[PDB]
Amino acid sequence: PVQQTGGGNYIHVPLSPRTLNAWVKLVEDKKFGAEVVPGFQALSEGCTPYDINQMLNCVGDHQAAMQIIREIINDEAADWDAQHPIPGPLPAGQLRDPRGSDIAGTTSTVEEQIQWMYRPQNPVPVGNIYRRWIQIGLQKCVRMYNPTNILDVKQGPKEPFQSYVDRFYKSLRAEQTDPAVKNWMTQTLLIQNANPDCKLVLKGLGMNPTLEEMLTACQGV
Amino acid sequence: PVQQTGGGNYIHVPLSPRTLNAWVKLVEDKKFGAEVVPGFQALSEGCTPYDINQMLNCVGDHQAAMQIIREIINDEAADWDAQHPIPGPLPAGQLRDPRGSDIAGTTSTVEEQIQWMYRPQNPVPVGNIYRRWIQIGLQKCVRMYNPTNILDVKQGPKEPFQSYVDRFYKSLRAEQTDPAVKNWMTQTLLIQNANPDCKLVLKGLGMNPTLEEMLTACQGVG
């Protein structure tokens, strides 16, 4: 990561072992749940790209998804170059405006990544941008790995309604739908994909019922 | 109908032929159905009583229905005469005040009917009054011919609430009854004559459910 000493000077520091270990376990034990995206952000919060790559390169299982993440990052760097003018001839001795693989950090050293993060001329915060690219790759995997889907999620006849809800929302989250679609699905598809006995009761509650009211009333049906 | 010319004068522009044909087509096909009442009102907008009598004459072949309408017009005119009696002897050099049969157009010419329709001192809308008298005659025919009383109307077991509501209201319209009886029927007889599957839900909705909430809740129920 980054350690700033007196005088405004910046230096590189190692990334703690447990943070690397905790990231590895979250990826494997949770089988890339939808919490492997935020779990990555907190553990990587305020760190440099050189140490992130390591965390992603210290995991050996679910390696196929890691290949997907690598491809997404390359594409973000491609667009970065398209939207960032190659400065061209530059005063020699001027820190090079970091390019695409200089945000990922593959073609660059940690010190200049720290120097861009706090560059007085035009600081390029390499860390937040790269974590975001990786997050998009992680999010695609959550959707690809998701076992079922919201439409096929349906309360078992003997299954309780609340269990069906835990399955429904976890998938309304794993499948990252736009908020408006989310409101429509939550207001309607939680009643339509249910069993008929409880569905009538959910209709009896009244229009625009709320989840508290829906769970309380269908409790024990 | 009536047209205006330079100077503030008025003339007659007869009801057109293809407008009369449409009135005939609505009566022959719908057979004095409920829609015959509004079709007439619209095809008669801007027209005068003489032309309303032509429209009825083209469909004069129907006689049981035209006997009911004819009876009503005579009555309303008599009431007009009773509550608007002859003011007294008529000063000469002017048009008489309208009598009940003039509103009909039987004893009166169109020009006199137009002079009242556009009389500066006190214009009498001879045209609209007669259409209303005729509409009460047409409405009675609809109720006479209505094939189904609302109490019999029910929902097919696999039939939905929407079509059943459509049929239940169709009859309630033709069965003018009174607006209050309609409220009791629309909030109860609909649920009572329904099947039990959607009634359970119509009961879950709550008390005094509105139609908007009775139709939304029972969409797909059964």
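Quick reminder, even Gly has a Cβ in these numbers, built from the backbone with ideal geometry, and neighbours come from all protein chains shown. Each reported figure results from applying straightforward, stated rules to the coordinates on display, with no laboratory input.
Could you pull out the residue among A:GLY105, A:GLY137 that is at positive phi and touching a residue at least 24 places away in the same chain (Cβ under 8 Å)? Outline the logic, then answer.
On the way: A:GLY137 fails: at positive phi.
Criteria check complete, one pass: A:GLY105.
Given the criteria of a type in the set (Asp, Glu), in a helix (DSSP H, G or I) and in contact with a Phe, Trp or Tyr (Cβ under 6 Å, 6 or more places away or on another chain), does A:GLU76 qualify?
So A:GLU76 passes the test.
Within the group B:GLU76, B:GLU45, which residue is under 25 Å from B:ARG18 (Cα atoms) and out of contact with any strand residue (DSSP E or B) (no Cβ under 9 Å at 6 or more places or on another chain)? If you could, list the steps in order and put the result at the bottom.
Numbers: B:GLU76 fails: under 25 Å from B:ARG18 (Cα atoms).
Every option except B:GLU45 fails the conditions.
Name the residue, out of A:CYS58, A:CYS47, that is in contact (Cβ under 8 Å) with a residue 12 or more places away in the chain, over 24 Å from A:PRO123 (Cα atoms) and assigned to a loop (DSSP other than H, G, I, E, B).
Only one candidate passes the filter, namely A:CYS58.
Consider segment A:48-64. How many of its residues are among the polar types (S, T, N, Q) and in contact with a strand residue (DSSP E or B) (Cβ under 9 Å, 6 or more places away or on another chain)?
The number of residues fulfilling the criteria is 1.
Among the residues of segment B:146-175, count how many are surrounded by 14 or more Cβ atoms within 10 Å (Cβ to Cβ) and touching a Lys or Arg at 6+ places or on another chain (Cβ under 8 Å).
Number satisfying all stated conditions: 5.
Report the residue count in segment B:102-112 for those that are under 18 Å from B:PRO85 (Cα atoms), buried (at least 17 other Cβ atoms within 10 Å of the Cβ) and not charged (D, E, K, R).
Taking segment B:102-112 as the starting set, the residues that turn out to be under 18 Å from B:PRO85 (Cα atoms) are B:102-104, B:107-108.
Still in the running and buried (at least 17 other Cβ atoms within 10 Å of the Cβ): B:102-104, B:108.
Adding the requirement that they be not charged (D, E, K, R) leaves B:103-104, B:108.
The number of residues fulfilling the criteria is 3.
Give segment A:190-213 a look and list any residue that's within 29 Å of the chain's Cα centre (by Cα), crowded, with 17+ Cβ neighbours inside 10 Å and either over 27 Å from A:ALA34 (Cα atoms) or not polar (S, T, N, Q) (or both), or say none.
A:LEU190
Where residues in segment B:36-46 are surrounded by 13 or more Cβ atoms within 10 Å (Cβ to Cβ) and more than 15 Å from B:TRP133 (Cα to Cα), which of them is nearest to the chain's Cα centre (by Cα)?
B:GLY39
Mind listing whichever residues of segment B:140-173 are of a type in the set (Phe, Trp, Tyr) and without any contact (Cβ under 8 Å) to a residue 40 or more places away in the chain?
Selection gives B:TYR164, B:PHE168, B:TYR169.
Scan segment A:124-131 and tell me whether some residue there is buried (at least 18 other Cβ atoms within 10 Å of the Cβ), within 14 Å of chain B (Cβ to nearest Cβ) and in contact with a helix residue (DSSP H, G or I) (Cβ under 7 Å, 6 or more places away or on another chain).
no
Could you tell me whether B:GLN187 is touching a helix residue (DSSP H, G or I) at 6+ places or on another chain (Cβ under 7 Å), away from every other protein chain (no Cβ under 13 Å) and surrounded by fewer than 17 Cβ atoms within 10 Å (Cβ to Cβ)?
no
State all residues of segment A:30-44 that are part of a helix (DSSP H, G or I) and not β-branched (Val, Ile, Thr); if no residue qualifies, say none.
Passing the criteria: A:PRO38, A:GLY39, A:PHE40, A:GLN41, A:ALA42, A:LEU43, A:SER44.
Being β-branched (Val, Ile, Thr) and farther than 22 Å from A:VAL221 by Cα is the filter here, so list the residues in segment A:151-196 that pass it.
If the condition is that a residue be β-branched (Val, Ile, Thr) and farther than 22 Å from A:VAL221 by Cα, then A:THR177, A:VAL181 are the ones that fit.
Please determine whether any residue of segment A:192-212 is within 13 Å of another protein chain (Cβ to nearest Cβ), free of Cβ contacts under 8 Å to residues at least 24 places away in the same chain and closer than 24 Å to A:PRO147 by Cβ.
Within segment A:192-212 (the criterion being within 13 Å of another protein chain (Cβ to nearest Cβ), free of Cβ contacts under 8 Å to residues at least 24 places away in the same chain and closer than 24 Å to A:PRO147 by Cβ), the answer is yes, since at least one residue qualifies.
Residues checked against (1) buried (at least 18 other Cβ atoms within 10 Å of the Cβ); (2) within 16 Å of the chain's Cα centre (by Cα):
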residue	(1), (2)
A:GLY7	no, no
A:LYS31	no, yes
A:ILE52	yes, yes
A:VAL59	no, no
A:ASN74	no, no
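Restricting to segment A:81-138, and then to whatever is within 25 Å of the chain's Cα centre (by Cα) and among the small types (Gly, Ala, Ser), can you tell me which residue is nearest to A:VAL37 (Cα to Cα)?
This residue is A:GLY137.
Within segment B:12-29, track down each residue that is in contact (Cβ under 8 Å) with a residue 12 or more places away in the chain, more than 26 Å from B:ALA174 (Cβ to Cβ) and not in a loop (DSSP other than H, G, I, E, B).
B:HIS12
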